[PDB]
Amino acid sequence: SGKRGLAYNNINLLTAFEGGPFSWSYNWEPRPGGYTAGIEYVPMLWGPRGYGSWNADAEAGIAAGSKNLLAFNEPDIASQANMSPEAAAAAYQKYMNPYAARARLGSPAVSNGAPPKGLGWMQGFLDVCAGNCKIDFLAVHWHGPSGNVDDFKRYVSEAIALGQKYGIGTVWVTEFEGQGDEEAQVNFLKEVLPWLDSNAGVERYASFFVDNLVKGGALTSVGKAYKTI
């Protein structure tokens, strides 16, 4: 309890979830797009496109009571932030480290791609950081067929171990998606949600994602499961 997050594009779609066991929200942007009473909004520095406004964006979100900031979104993937580990280590020290006295700082969020993507990219990043990146938690993503639940638990375990190796005590799984039809998607949530709630190495997580769990303004059967399990 208190771990479950709302990852959104349309802030209006959050209403369907009002009353459920949610503590936090993010929107892959530096600004929320509106106001949600009773939930922590966590601003994100997505990539180099956000460098210009980030100081302003980070001051605003902390003034509104966020305790956490998130760095770049899938820098290992060419259609997302598309940064080398070297460039990301230099950017993290310039734009993330300055706010450490006033917020806990999240790593760039890697995919579950095969090394040298994914957790391979995150090794590369910690190597170039070389102890000079201030990181409170690792941010990681997993997307795959609902039948590969065992691969999803191996991936989250290996992320927890990698952080501990570099004295980062927890992970946030800021996207996961057990893919398939609605029955397969609910079966995946029925397994992983209790396992993530019991896992001491996972501080926070968000299924991917609010706008796909709502039809009109009604929860799908997947959204209903994300609310009630």
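Residue positions are given as counts along the sequence shown, with the first one as 1.
A.B. asks: Per the entry, where is the mean C-alpha temperature factor higher: 187 to 195 or 171 to 179?
C.D. replies: Comparing averages over the C-alpha atoms only gives 187 to 195.
A.B. asks: Tell me which stretch has the larger mean Cα B-factor in this entry, 59 to 67 or 196 to 204.
C.D. replies: Averaged over C-alpha atoms, the B-factors run higher in 59 to 67.
A.B. asks: Using the B-factor values recorded in the entry, state whether the Cα atom of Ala101 falls in the lowest, middle or highest third among the modelled residues of its chain.
C.D. replies: It belongs to the highest third of the chain when residues are ordered by C-alpha B-factor.
A.B. asks: Can you work out whether the C-alpha temperature factor of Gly118 puts it in the lowest, middle or highest third of the chain?
C.D. replies: Tercile = middle for this residue's CA B-factor.
A.B. asks: Name the third of the chain's ranked CA B-factors that contains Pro32, choosing lowest, middle or highest.
C.D. replies: Within its chain, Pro32 is a middle-third residue by C-alpha B-factor, going by the deposited values.
A.B. asks: Lowest, middle or highest third: where is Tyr166 by Cα B-factor in its chain?
C.D. replies: For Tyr166, whose C-alpha B-factor we compare with every modelled residue in the chain, the answer is the highest third.
A.B. asks: Lowest, middle or highest third: which one holds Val42 when the chain's residues are ordered by CA B-factor from the entry?
C.D. replies: It belongs to the lowest third of the chain when residues are ordered by C-alpha B-factor.
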